[PDB]
């Protein structure tokens, strides 16, 4: 499992559950092609988006639907989504854990990259 995304709710101090996200990969013609998608579990984690073989070198974008998350909780947030755009595997295969920490008017994203 070379790509994992974890999402936390900084208002409730809890995992952000059932958060939808879509992953895209930049194609040769410079457009965003749909790569993978899923929803966070009860632990706020989304595993199994891709495989070592499929997750080749490229520029990837993860668009996390934070607006729907907040709206469902009664909140009109600032951001439409939280985005992570990154070049992956440019020095060989790596494991990526993307952490998103959510507040109604602020988010942070962090990457932990391991061998």
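Positions refer to the first chain, counted from 1.
Legend: mean Cα B-factor per stretch from the PDB entry, 13-21 versus 91-99; the higher mean is in 91-99.
Between 68-76 and 25-33, the higher mean Cα B-factor belongs to 25-33. Placement of the Cα temperature factor of residue 38 within the chain: lowest third of the modelled residues, per the deposited record. Among the modelled residues of the chain, residue 57 sits in the middle third by CA temperature factor in this PDB entry. Among all modelled residues in its chain, residue 49 ranks in the highest third by Cα B-factor. Per-chain ranking of the deposited C-alpha B factor places residue 108 in the lowest third. In the deposited entry, the Cα temperature factor of residue 5 places it in the middle third of its chain's modelled residues.
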